[PDB]
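Visitor: Next up is a structure, given as structure tokens.
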Amino acid sequence: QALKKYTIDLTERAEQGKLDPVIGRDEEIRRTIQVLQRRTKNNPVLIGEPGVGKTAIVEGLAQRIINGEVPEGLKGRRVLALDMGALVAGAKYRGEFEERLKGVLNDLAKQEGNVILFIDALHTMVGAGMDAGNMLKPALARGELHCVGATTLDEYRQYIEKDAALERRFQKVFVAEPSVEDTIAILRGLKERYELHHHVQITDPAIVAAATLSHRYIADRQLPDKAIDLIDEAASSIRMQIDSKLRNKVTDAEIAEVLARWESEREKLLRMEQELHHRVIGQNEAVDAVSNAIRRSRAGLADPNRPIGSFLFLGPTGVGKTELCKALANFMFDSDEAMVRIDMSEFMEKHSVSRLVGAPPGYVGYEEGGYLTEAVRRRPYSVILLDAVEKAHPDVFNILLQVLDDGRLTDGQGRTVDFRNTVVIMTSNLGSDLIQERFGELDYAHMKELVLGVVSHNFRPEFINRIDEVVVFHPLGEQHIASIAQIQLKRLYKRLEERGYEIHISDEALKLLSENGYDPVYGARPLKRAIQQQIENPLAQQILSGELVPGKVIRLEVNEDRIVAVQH
Amino acid sequence: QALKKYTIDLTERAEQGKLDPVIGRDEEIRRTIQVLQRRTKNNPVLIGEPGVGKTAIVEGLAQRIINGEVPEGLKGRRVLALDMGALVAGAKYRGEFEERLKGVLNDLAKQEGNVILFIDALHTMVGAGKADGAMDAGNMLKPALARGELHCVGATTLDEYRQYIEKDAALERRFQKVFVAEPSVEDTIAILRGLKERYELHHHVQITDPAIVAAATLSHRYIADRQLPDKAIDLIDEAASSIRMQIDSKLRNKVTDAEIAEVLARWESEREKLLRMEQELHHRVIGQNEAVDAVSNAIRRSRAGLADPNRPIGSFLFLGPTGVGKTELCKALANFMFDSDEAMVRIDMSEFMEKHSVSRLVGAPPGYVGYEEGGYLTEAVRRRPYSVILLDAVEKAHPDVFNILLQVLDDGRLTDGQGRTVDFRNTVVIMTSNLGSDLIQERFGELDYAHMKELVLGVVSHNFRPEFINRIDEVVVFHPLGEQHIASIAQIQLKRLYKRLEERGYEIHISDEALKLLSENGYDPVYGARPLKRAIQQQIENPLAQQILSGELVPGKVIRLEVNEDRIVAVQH
Amino acid sequence: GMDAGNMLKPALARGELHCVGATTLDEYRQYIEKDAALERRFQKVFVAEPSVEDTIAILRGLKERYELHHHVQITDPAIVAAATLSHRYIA
Amino acid sequence: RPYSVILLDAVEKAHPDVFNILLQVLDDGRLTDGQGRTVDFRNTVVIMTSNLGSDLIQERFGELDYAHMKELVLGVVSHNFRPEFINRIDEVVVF
Ligand SMILES: Nc1ncnc2c1ncn2[C@@H]1O[C@H](COP(=O)(O)OP(=O)(O)OP(O)(O)=S)[C@@H](O)[C@H]1O
Ligand SMILES: Nc1ncnc2c1ncn2[C@@H]1O[C@H](COP(=O)(O)OP(=O)(O)OP(O)(O)=S)[C@@H](O)[C@H]1O
Ligand SMILES: Nc1ncnc2c1ncn2[C@@H]1O[C@H](COP(=O)(O)OP(=O)(O)O)[C@@H](O)[C@H]1O
Ligand SMILES: [Mg+2]
């Protein structure tokens with residue numbers, strides 16, 4: 001007998017109750033029963049993205065055969081899972097695959113149509129060295145074999161729709177990936193078997209939180225596969241926490257730990273403006289607007305078919321543009337440089353646009369993606385930084401129309417890029433001196449209206465209609481940039497404590513460092529690099545000269561024109 | 001029992017102490033027991049590396065079973081291992097080995113959740129049983145995987161997993177990537193201390209703990225084929241057997257680290273590195289001793305570590321005419337620090353004068369020349385992250401070169417146009433030019449080196465930006481080598497020529513006057529010593545190869561390279 | 001030609017066998033490092049190609065062997081020329 | 001046959017990632033083939049033909065000597081080939 005060498009009787013296993021109580025999927029079982037009762041072409045092929053429980057559909061079919069929920073043409077059938085990996089096992093010689101396969105087909109003809117065959121992973125059957133479609137193909141055609149195929153959508157349209165004969169001997173039954181609520185119903189169906197195996201209890205709020213977090217924070221794996229993965233691994237984790245040396249009920253906190261490893265954010269975002277002024281002082285208005293945008297995004301009030309932040313940053317450099325972006329991605333999601341910076345001074349032509357979107361099919365930069373779109377397809381929860389967007393060719397703003405309205409961009413390889421989890425930041429200088437010359441005792445609203453009119457003469461009318469809010473980036477005064485220099489001295493003290501030194505300063509040295517490179521026309525970044533050079537050259541040179549010892553009072557005392565470092 | 005016929009019980013051997021004690025790997029055993037006590041995905045597979053203790057994790061698991069340190073669910077479990085050739089011992093018939101394997105699987109179904117099966121080289125067992133009118137191992141165990149009658153534990157390399165188990169469907173979703181980390185040095189020390197007693201009681205010798213840390217450190221430092229911790233265990237046991245041979249043939253038992261060094265060489269850093277540097281410089285490169293000492297100072301100030309490691313090591317402008325061994329200096333730096341000739345990067349910037357500079361060098365925009373090429377600079381450092389970079393002819397640059405140079409001298413870490421992150425801080429960046437070389441060819445004589453350096457640095461400040469050259473470590477001067485260094489380098493060329501002629505079977509000594517004719521004919525201030533090489537080739541070897549084939553020069557004579565009025569002649573005496 | 005390896009390879013995990021192996025680098029890299037069920041029963045004795053010195057020594061001993069067969073006087077310049085010219089002009 | 005003459009005729013028509021194979025050849029004389037091994041090229045005479053300075057040499061060979069013409073057409077070749085490659089040529093000649 002060749003069936004017992006290679007098949008697995010599913011209905012006999014469901015008779016002993018080893019299979020899963022498949023709950024749901026009723027219309028797919030009904031369409032499969034419609035297919036298996038035709039005259040010719042009785043062969044459904046279950047098609048969907050992987051993980052969605054297609055073997056579960058055939059297990060439910062076998063359980064309906066055991067119970068008798070089938071029509072009066074399927075009572076008494078046997079469902080036999082065939083193993084295409086097992087027929088190509090000893091493929092040494094000529095005509096040894098065909099011996100096994102013809103033994104299977106003779107024994108299926110022997111049963112007089114009483115056996116539903118289940119050939120999972122149907123893409124195996126096409127390439128078998130002619131081979132394997134051409135012995136099943138006439139018996140598939142006449143409907144005297146009842147092969148329930150089951151294969152991936154992409155494997156189906158890559159292997160089987162290439163071959164039209166084997167394609168028409170089957171019939172598609174498209175399997176919809178289940179919803180979040182349907183996953184909840186699945187887990188409520190399968191709670192009892194896991195609580196009777198792990199001997200623990202499972203809390204139902206942790207179940208619905210597990211399904212919700214699995215659907216939200218995992219995009220590769222699909223429901224219910226990732227959900228039952230999280231439940232099973234948390235059940236085993238609680239099993240070993242009991243079984244080591246103390247809870248038996250799984251909470252959703254353990255679910256979140258398994259999700260992150262493998263809600264005080266509300267209280268943080270209430271003080272998010274304080275969090276943004278933790279690292280950059282001054283520029284209250286952009287802090288308020290960005291904190292409002294993040295609060296509306298985490299509150300979910302905003303339209304979820306839009307990006308988070310459409311913000312046109314203006315004004316001269318060094319007023320706290322990129323430091324704000326770094327601390328924003330830090331206190332928002334992860335880090336100062338878990339982001340993307342794009343220098344838009346590069347892009348100045350039409351092939352610039354084809355660079356940042358991606359080359360079309362048949363051209364040079366095709367297989368190596370775009371530049372924007374690849375950088376976002378790597379990091380879907382990130383921050384996009386367009387350095388000097390005014391320097392661009394004027395058609396890049398058409399791409400950014402698509403970006404800032406729809407949150408989707410279609411690269412050159414023909415796929416879409418999701419922008420509904422990132423923040424677009426655009427830096428410009430179209431009104432820098434206009435705000436510098438009129439910052440004194442002129443308010444925020446009229447300055448915004450003036451620079452809005454100027455940039456509206458600069459930019460297209462379609463693109464200015466897409467922005468959430470255009471901040472001004474007013475020039476900071478003497479005490480503001482002096483406090484910025486104080487913050488730079490504090491983070492320099494942090495870096496030297498990372499180096500392992502305790503270095504003091506004179507207040508006169510602080511005043512000279514604040515008055516080295518102060519300019520409202522370029523920002524604090526000349527002041528930053530001036531302090532950086534005038535400290536990192538002589539002090540770290542005296543470190544390399546063999547003077548400084550970790551644990552001595554090191555006062556940055558003033559010279560006549562310089563700053564001397566002492567050892568006391 | 002067919003299990004008692006040709007399978008291996010590991011728990012009986014751990015109960016009888018016939019196995020290796022395992023110290024470490026607590027996290028991996030804990031995650032393995034997380035993976036085992038499930039209902040779906042019951043079988044783990046130990047993805048590891050060739051020699052990182054994949055067998056030792058299951059050995060320690062069986063020892064925790066015997067010692068009862070396991071959780072309650074795995075108490076009483078008997079881990080039986082699967083043995084290949086024992087099952088293929090007496091089985092050649094049509095259906096004898098396969099019937100044996102089926103009886104093994106019937107026994108595994110019979111024990112009813114009591115036996116964990118362990119299979120080393122899982123992919124091999126899936127592709128082993130090449131029989132006739134029969135079946136293999138993989139597609140007979142494959143029913144037992146997705147039927148719950150097997151609590152299997154796998155062990156394989158990552159690559160054969162990524163070929164043979166990720167490709168399948170049921171074999172994929174019945175197996176779990178319990179990744180095994182390659183252990184650290186001090187973890188290897190702890191493991192060797194856990195097994196020092198076994199080897200000492202075996203070989204009747206003693207093992208020193210400084211020898212243990214020296215063996216572990218130098219095994220991770222030098223050995224590339226094997227991995228931790230197996231190479232250290234092999235070094236310990238090979239040293240033990242070598243001391244046993246010293247007892248036997250031609251009286252010690254304490255294995256010291258000197259024995260480890262003798263075995264490993266038959267198979268320390270800072271000041272020795274400094275002295276080897278400062279000595280081995282003068283062998284290849286002749287002269288330029290100011291630059292020798294300056295590179296020695298830069299090496300000291302870089303490897304002190306007291307500065308910022310957020311900047312690359314090399315920031316050097318090397319000035320002087322061509323033919324002074326700038327390439328020899330770069331190759332000497334590679335020969336010491338990275339120990340090769342072409343452990344280096346030479347890029348000639350005398351062609352990127354136009355706008356197409358960052359495109360060709362760093363990485364091109366698509367639709368251009370360098371885009372289907374990779375990148376002359378950043379993809380070169382992708383090829384050699386651990387190397388030295390040379391920038392010839394920095395004076396032929398473009399304003400979109402200095403931007404790359406400013407980003408390098410600030411950071412070292414860099415990103416090309418495609419958008420991937422490179423870092424330069426393990427490398428050396430060397431630039432060269434020849435702007436002030438006319439002044440150096442004019443008045444290097446009767447002038448010093450310090451004010452020479454300051455004056456040519458002023459010339460650089462005429463040509464370059466001060467803040468750009470502010471980030472340079474040091475600029476040295478390559479003087480025009482005139483008489484004795486020319487004599488030495490022509491002597492080197494003649495040494496290799498003498499070596500080839502002596503292996504041919506002649507003996508040639510040059511006159512000093514003929515070497516003076518080489519110096520006057522091969523050296524020029526505008527080029528240096530490349531006309532030295534081609535003039536040596538022409539004026540020596542072409543009459544010499546004319547004469548040797550001529551049936552004139554008998555072996556065994558001192559062939560004096562005398563002088564003609566303007567030629568160099570090879571005479572016999 | 002079960003035939004030999006399933007009768008001798010099990011003795012390696014039986015301790016009855018103390019064999020000495022000999023193979024090319026290619027068969028160790030193809031048929032033994034892939035054969036991972038037997039990796040820690042062997043040790044890679046990397047026999048290197050001998051240099052010109054050891055070649056000349058081996059050729060002197062085998063000169064003493066070969067002069068009983070060809071009945072010739074092999075001269076030592078021919079030995080050093082054989083070692084050198086075989087090292088250079090044959091890859 | 002290790003002692004042959006290798007003619008690489010009209011080499012400037014080739015695609016510029018064929019010259020890297022020839023960089024291996026003119027660097028070391030060993031060349032890694034497809035099957036894996038290496039082939040000793042240190043007994044061959046590798047001769048390449050090209051005409052990259054056609055208009056230049058037809059225009060200016062009069063009133064110019066051999067060395068300056070070699071320098072000028074070598075600069076043209078430097079625009080075409082690599083300087084990593086034509087440094088490894090033993091002797092460019094100019095017709
Ligand atoms: N309607 C359902 N009722 C009960 N369990 C389900 C249901 N849908 C899916 N599952 C479970 O989800 C998992 C999916 O099992 P499989 O059918 O083997 O996976 P799949 O959906 O077929 O995807 P592939 O391509 O076979 S990996 C199993 O644990 C099923 O028990
Ligand atoms: N000190 C030296 N010792 C030995 N050979 C040397 C020495 N200096 C120069 N040479 C030789 O002279 C050659 C000159 O080559 P280069 O180093 O390229 O000359 P250069 O002065 O660096 O001019 P460029 O810019 O590199 S073309 C070297 O390749 C060596 O063969
Ligand atoms: N912690 C440990 N305790 C005991 N033995 C160990 C330990 N780590 C490594 N070993 C030894 O090193 C060897 C390496 O094992 P493994 O990585 O499984 O080899 P392979 O990679 O060839 O399968 C083991 O056979 C074991 O004897
Ligand atoms: Mg399936």
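Residue numbers start at 1 in each chain; chains themselves are named A, B, ... in the order of the structure tokens; ligands are numbered from 1 in the order shown.
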What does the list of residues within 12 Å of ligand 4 look like if you count only C-alpha atoms and all ligand atoms, written as a CSV table (one decimal) with N, CA, C and O atoms, in the first residue's frame?
Guide:
chain,number,residue,atom,x,y,z
A,45,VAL,N,-8.0,25.2,-4.6
A,45,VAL,CA,-6.7,25.6,-4.1
A,45,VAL,C,-6.8,26.8,-3.2
A,45,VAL,O,-7.2,27.9,-3.6
A,46,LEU,N,-6.4,26.6,-1.9
A,46,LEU,CA,-6.6,27.6,-0.9
A,46,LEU,C,-5.4,28.6,-1.0
A,46,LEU,O,-4.3,28.2,-1.0
A,47,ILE,N,-5.8,29.9,-1.2
A,47,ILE,CA,-4.8,30.9,-1.7
A,47,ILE,C,-4.9,32.1,-0.8
A,47,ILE,O,-5.9,32.7,-0.7
A,48,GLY,N,-3.8,32.5,-0.2
A,48,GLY,CA,-3.7,33.7,0.6
A,48,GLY,C,-2.2,33.8,1.1
A,48,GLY,O,-1.4,33.0,0.8
A,49,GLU,N,-2.0,35.0,1.7
A,49,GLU,CA,-0.6,35.2,2.3
A,49,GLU,C,-0.4,34.2,3.4
A,49,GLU,O,-1.4,33.8,4.1
A,50,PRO,N,0.8,33.8,3.7
A,50,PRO,CA,1.1,32.7,4.6
A,50,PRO,C,0.8,33.1,6.1
A,50,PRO,O,1.0,34.2,6.5
A,51,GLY,N,0.4,32.1,6.9
A,51,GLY,CA,0.1,32.3,8.3
A,51,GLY,C,-1.3,32.3,8.6
A,51,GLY,O,-1.7,32.2,9.8
A,52,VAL,N,-2.2,32.4,7.6
A,52,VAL,CA,-3.6,32.8,7.8
A,52,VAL,C,-4.4,31.5,8.1
A,52,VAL,O,-5.7,31.6,8.2
A,53,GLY,N,-3.8,30.4,8.2
A,53,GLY,CA,-4.6,29.2,8.7
A,53,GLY,C,-5.4,28.6,7.6
A,53,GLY,O,-6.7,28.6,7.6
A,54,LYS,N,-4.7,28.0,6.6
A,54,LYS,CA,-5.4,27.3,5.5
A,54,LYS,C,-5.4,25.8,5.8
A,54,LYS,O,-6.5,25.1,5.5
A,55,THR,N,-4.4,25.2,6.4
A,55,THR,CA,-4.5,23.9,7.0
A,55,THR,C,-5.6,23.9,8.1
A,55,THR,O,-6.2,22.8,8.3
A,56,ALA,N,-5.8,25.0,8.8
A,56,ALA,CA,-6.9,25.1,9.7
A,56,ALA,C,-8.2,25.0,9.0
A,56,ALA,O,-9.2,24.3,9.5
A,57,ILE,N,-8.4,25.5,7.7
A,57,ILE,CA,-9.6,25.3,7.0
A,57,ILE,C,-9.8,23.9,6.6
A,57,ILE,O,-10.9,23.3,6.7
A,58,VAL,N,-8.7,23.2,6.3
A,58,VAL,CA,-8.9,21.8,5.9
A,58,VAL,C,-9.2,20.9,7.1
A,58,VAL,O,-9.9,19.9,7.1
A,59,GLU,N,-8.6,21.3,8.3
A,59,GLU,CA,-8.9,20.6,9.5
A,59,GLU,C,-10.4,20.8,9.9
A,59,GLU,O,-11.0,19.9,10.4
A,81,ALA,N,-3.7,13.9,3.9
A,81,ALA,CA,-2.7,14.9,3.6
A,81,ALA,C,-1.6,14.3,2.9
A,81,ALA,O,-0.9,13.4,3.5
A,82,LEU,N,-1.3,14.7,1.7
A,82,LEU,CA,-0.2,14.1,0.9
A,82,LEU,C,1.1,14.9,1.2
A,82,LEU,O,1.0,16.1,1.6
A,83,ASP,N,2.2,14.3,1.0
A,83,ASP,CA,3.5,14.9,1.3
A,83,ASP,C,4.3,15.0,0.1
A,83,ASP,O,5.0,14.0,-0.2
A,118,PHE,N,-5.3,16.1,0.1
A,118,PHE,CA,-4.9,17.5,0.5
A,118,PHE,C,-3.4,17.6,0.2
A,118,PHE,O,-2.6,17.1,1.0
A,119,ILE,N,-3.1,18.3,-0.8
A,119,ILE,CA,-1.7,18.5,-1.2
A,119,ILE,C,-1.3,19.9,-0.8
A,119,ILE,O,-1.6,20.9,-1.5
A,120,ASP,N,-0.8,20.0,0.4
A,120,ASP,CA,-0.3,21.3,0.8
A,120,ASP,C,1.0,21.7,0.1
A,120,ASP,O,1.7,20.8,-0.4
A,121,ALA,N,1.3,23.0,0.1
A,121,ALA,CA,2.5,23.6,-0.5
A,121,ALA,C,2.5,23.2,-2.0
A,121,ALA,O,3.4,22.5,-2.4
A,122,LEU,N,1.5,23.7,-2.7
A,122,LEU,CA,1.2,23.2,-4.1
A,122,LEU,C,2.3,23.6,-5.1
A,122,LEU,O,2.5,23.0,-6.1
A,148,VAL,N,-7.4,19.0,-2.7
A,148,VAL,CA,-7.5,20.3,-2.1
A,148,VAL,C,-6.1,20.9,-2.0
A,148,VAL,O,-5.4,20.6,-1.0
A,149,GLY,N,-5.7,21.7,-3.0
A,149,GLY,CA,-4.4,22.3,-2.9
A,149,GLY,C,-4.4,23.4,-1.9
A,149,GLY,O,-5.5,23.9,-1.5
A,150,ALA,N,-3.2,23.9,-1.5
A,150,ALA,CA,-3.1,24.9,-0.5
A,150,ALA,C,-1.8,25.6,-0.6
A,150,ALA,O,-0.8,25.0,-0.3
A,151,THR,N,-1.7,26.8,-1.1
A,151,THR,CA,-0.5,27.4,-1.4
A,151,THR,C,-0.6,28.9,-1.2
A,151,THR,O,-1.6,29.5,-1.1
A,152,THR,N,0.6,29.6,-1.2
A,152,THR,CA,0.7,31.0,-1.0
A,152,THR,C,0.2,31.7,-2.2
A,152,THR,O,0.2,31.1,-3.3
A,225,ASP,N,-1.4,34.1,13.4
A,225,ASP,CA,-0.1,33.4,13.6
A,225,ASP,C,0.7,34.1,14.7
A,225,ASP,O,1.2,33.5,15.6
B,146,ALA,N,5.1,16.8,12.6
B,146,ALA,CA,3.7,17.3,12.7
B,146,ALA,C,2.7,16.2,13.1
B,146,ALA,O,1.7,16.1,12.4
B,168,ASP,N,11.5,25.0,3.4
B,168,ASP,CA,10.4,24.2,3.6
B,168,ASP,C,9.3,24.9,4.4
B,168,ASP,O,9.5,26.0,4.8
B,169,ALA,N,8.1,24.3,4.4
B,169,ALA,CA,6.9,24.9,5.2
B,169,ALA,C,6.8,24.2,6.5
B,169,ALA,O,6.9,24.9,7.6
B,170,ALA,N,6.5,22.9,6.6
B,170,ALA,CA,6.3,22.3,7.9
B,170,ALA,C,7.6,22.1,8.7
B,170,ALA,O,7.6,22.3,9.9
B,171,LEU,N,8.7,21.9,8.0
B,171,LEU,CA,10.0,21.9,8.6
B,171,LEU,C,10.4,23.2,9.2
B,171,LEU,O,11.1,23.4,10.1
B,172,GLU,N,9.9,24.3,8.5
B,172,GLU,CA,10.1,25.6,9.0
B,172,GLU,C,9.3,25.9,10.3
B,172,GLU,O,9.8,26.3,11.3
B,173,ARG,N,8.0,25.7,10.2
B,173,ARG,CA,7.2,26.0,11.4
B,173,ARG,C,7.0,24.9,12.4
B,173,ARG,O,6.2,25.0,13.3
B,174,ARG,N,7.9,23.9,12.3
B,174,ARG,CA,8.1,23.0,13.5
B,174,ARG,C,9.5,23.3,14.1
B,174,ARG,O,9.9,22.4,14.9
Visitor: Might you pull out every residue within 12 Å of residue 28 (chain C), with only C-alpha atoms counted and same-chain residues fewer than 3 positions away left off, and present them as number ranges by chain?
Guide: C: 21-25, 31-36, 38-39, 42-46
Visitor: Please report, as an MDAnalysis selection string, each residue of chain C to which DSSP assigns helix (DSSP H, G or I) when run on this structure's backbone.
Guide: chainID C and resid 5:12 25:31 36:41 52:66 76:89
Visitor: Residues within 9 Å of ligand 2 should be enumerated using only C-alpha atoms and all ligand atoms and returned as a PyMOL selection string.
Guide: chain B and resi 282-288+320-330+348+392-393+432-434+478+481+485-486+488-490+492-493+527-533
Visitor: Please, could you write that set of residues out with N, CA and C atoms as a compact mmCIF listing (two decimals), in the first residue's frame?
Guide:
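Listing of selection.txt after writing:
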# COMPACT_ATOMS: atom_id res chain seq x y z
N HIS B 282 63.11 52.15 8.79
CA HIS B 282 64.36 52.48 8.12
C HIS B 282 64.84 51.40 7.18
N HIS B 283 64.25 50.21 7.24
CA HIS B 283 64.70 49.12 6.40
C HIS B 283 64.31 49.35 4.95
N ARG B 284 63.01 49.48 4.70
CA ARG B 284 62.51 49.73 3.35
C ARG B 284 62.83 51.15 2.90
N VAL B 285 62.27 52.13 3.59
CA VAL B 285 62.40 53.52 3.18
C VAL B 285 63.70 54.07 3.72
N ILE B 286 64.49 54.67 2.85
CA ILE B 286 65.75 55.28 3.24
C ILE B 286 65.53 56.76 3.49
N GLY B 287 66.17 57.28 4.54
CA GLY B 287 66.13 58.69 4.84
C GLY B 287 64.78 59.16 5.34
N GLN B 288 64.52 60.45 5.14
CA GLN B 288 63.30 61.15 5.55
C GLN B 288 63.04 60.97 7.05
N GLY B 320 56.44 67.48 -1.00
CA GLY B 320 57.70 67.15 -1.62
C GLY B 320 57.46 66.73 -3.05
N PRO B 321 58.52 66.66 -3.85
CA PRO B 321 58.36 66.23 -5.24
C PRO B 321 58.08 64.74 -5.36
N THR B 322 57.79 64.27 -6.56
CA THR B 322 57.61 62.83 -6.76
C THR B 322 58.97 62.14 -6.75
N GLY B 323 58.93 60.82 -6.61
CA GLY B 323 60.18 60.08 -6.54
C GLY B 323 60.90 60.24 -5.22
N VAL B 324 60.15 60.37 -4.13
CA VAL B 324 60.72 60.42 -2.80
C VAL B 324 60.20 59.28 -1.94
N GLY B 325 59.47 58.34 -2.53
CA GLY B 325 58.98 57.21 -1.78
C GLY B 325 57.77 57.50 -0.92
N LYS B 326 56.90 58.41 -1.36
CA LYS B 326 55.61 58.59 -0.72
C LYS B 326 54.80 57.30 -0.77
N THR B 327 54.79 56.66 -1.94
CA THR B 327 54.18 55.35 -2.09
C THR B 327 54.89 54.33 -1.21
N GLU B 328 56.21 54.46 -1.06
CA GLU B 328 56.95 53.58 -0.17
C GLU B 328 56.56 53.82 1.28
N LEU B 329 56.27 55.06 1.63
CA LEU B 329 55.84 55.36 2.99
C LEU B 329 54.46 54.78 3.27
N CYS B 330 53.56 54.89 2.30
CA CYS B 330 52.23 54.32 2.45
C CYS B 330 52.29 52.80 2.54
N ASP B 348 44.30 58.80 -7.01
CA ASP B 348 45.01 59.90 -7.66
C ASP B 348 43.99 60.98 -8.04
N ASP B 392 46.60 61.17 -3.56
CA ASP B 392 47.60 61.85 -4.37
C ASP B 392 46.98 63.06 -5.04
N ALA B 393 47.78 64.12 -5.16
CA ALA B 393 47.49 65.34 -5.91
C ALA B 393 46.22 66.03 -5.39
N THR B 432 48.69 64.33 -0.42
CA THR B 432 49.99 64.80 -0.89
C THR B 432 49.80 65.88 -1.93
N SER B 433 50.79 66.75 -2.02
CA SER B 433 50.85 67.78 -3.05
C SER B 433 52.31 68.10 -3.32
N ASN B 434 52.54 69.01 -4.26
CA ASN B 434 53.89 69.41 -4.60
C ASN B 434 54.00 70.91 -4.86
N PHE B 478 59.26 66.32 2.33
CA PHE B 478 60.04 65.30 1.65
C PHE B 478 61.08 65.98 0.77
N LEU B 481 66.10 63.92 -2.31
CA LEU B 481 67.22 63.00 -2.10
C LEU B 481 68.17 63.08 -3.29
N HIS B 485 71.06 58.74 -0.74
CA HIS B 485 69.80 58.02 -0.75
C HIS B 485 69.50 57.47 -2.14
N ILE B 486 69.86 58.24 -3.17
CA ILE B 486 69.84 57.76 -4.55
C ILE B 486 70.74 56.54 -4.70
N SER B 488 71.55 54.45 -2.32
CA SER B 488 70.95 53.33 -1.61
C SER B 488 69.80 52.71 -2.39
N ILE B 489 68.96 53.53 -3.03
CA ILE B 489 67.81 52.95 -3.72
C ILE B 489 68.24 52.30 -5.04
N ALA B 490 69.23 52.86 -5.73
CA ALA B 490 69.80 52.18 -6.87
C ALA B 490 70.53 50.92 -6.45
N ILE B 492 69.44 49.03 -4.01
CA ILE B 492 68.36 48.07 -3.81
C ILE B 492 67.95 47.42 -5.12
N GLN B 493 67.76 48.25 -6.16
CA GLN B 493 67.44 47.72 -7.48
C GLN B 493 68.54 46.80 -8.00
N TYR B 527 61.05 64.70 -11.65
CA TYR B 527 60.38 63.42 -11.54
C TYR B 527 60.80 62.62 -10.32
N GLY B 528 62.08 62.61 -9.97
CA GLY B 528 62.51 61.78 -8.86
C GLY B 528 63.24 60.55 -9.36
N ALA B 529 62.73 59.37 -9.00
CA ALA B 529 63.45 58.12 -9.21
C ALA B 529 62.68 57.11 -10.04
N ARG B 530 61.68 57.53 -10.78
CA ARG B 530 61.13 56.64 -11.79
C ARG B 530 62.03 56.57 -13.04
N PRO B 531 62.64 57.67 -13.52
CA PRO B 531 63.72 57.51 -14.50
C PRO B 531 64.90 56.71 -13.99
N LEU B 532 65.09 56.62 -12.67
CA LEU B 532 66.08 55.70 -12.12
C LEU B 532 65.76 54.26 -12.51
N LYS B 533 64.50 53.84 -12.34
CA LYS B 533 64.14 52.46 -12.67
C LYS B 533 64.26 52.19 -14.16
Visitor: Could you give me, as a ChimeraX atom specification, the residues within 9 Å of residue 45 (chain D), counting only C-alpha atoms and dropping anything in the same chain fewer than 6 positions from it?
Guide: /D:3-7
Visitor: How would the residues just chosen look if you wrote them out with N, CA, C and O atoms as a compact mmCIF listing (two decimals), in the first residue's frame?
Guide:
# COMPACT_ATOMS: atom_id res chain seq x y z
N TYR D 3 54.11 28.91 -22.16
CA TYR D 3 54.95 29.83 -22.92
C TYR D 3 54.23 30.11 -24.22
O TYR D 3 54.37 29.38 -25.20
N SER D 4 53.45 31.19 -24.24
CA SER D 4 52.71 31.59 -25.41
C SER D 4 52.80 33.09 -25.56
O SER D 4 53.43 33.77 -24.75
N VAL D 5 52.18 33.61 -26.61
CA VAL D 5 51.99 35.04 -26.80
C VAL D 5 50.51 35.31 -26.71
O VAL D 5 49.71 34.69 -27.41
N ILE D 6 50.12 36.23 -25.83
CA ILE D 6 48.72 36.56 -25.65
C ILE D 6 48.48 37.89 -26.33
O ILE D 6 49.10 38.90 -25.97
N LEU D 7 47.60 37.91 -27.31
CA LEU D 7 47.23 39.13 -27.99
C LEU D 7 45.86 39.56 -27.51
O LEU D 7 44.89 38.82 -27.66
Visitor: Using only C-alpha atoms, select each residue of chain C with any atom at most 8 Å away from an atom of chain B, and give the selection as a PyMOL selection string.
Guide: chain C and resi 2+5-7+9-10+36-37
Visitor: Can you tell me which residues surround residue 208 (chain A) at a distance of at most 9 Å, considering only C-alpha atoms, apart from same-chain residues fewer than 5 positions away, and format the answer as a PyMOL selection string?
Guide: chain A and resi 180-181+183-184+187+213+252
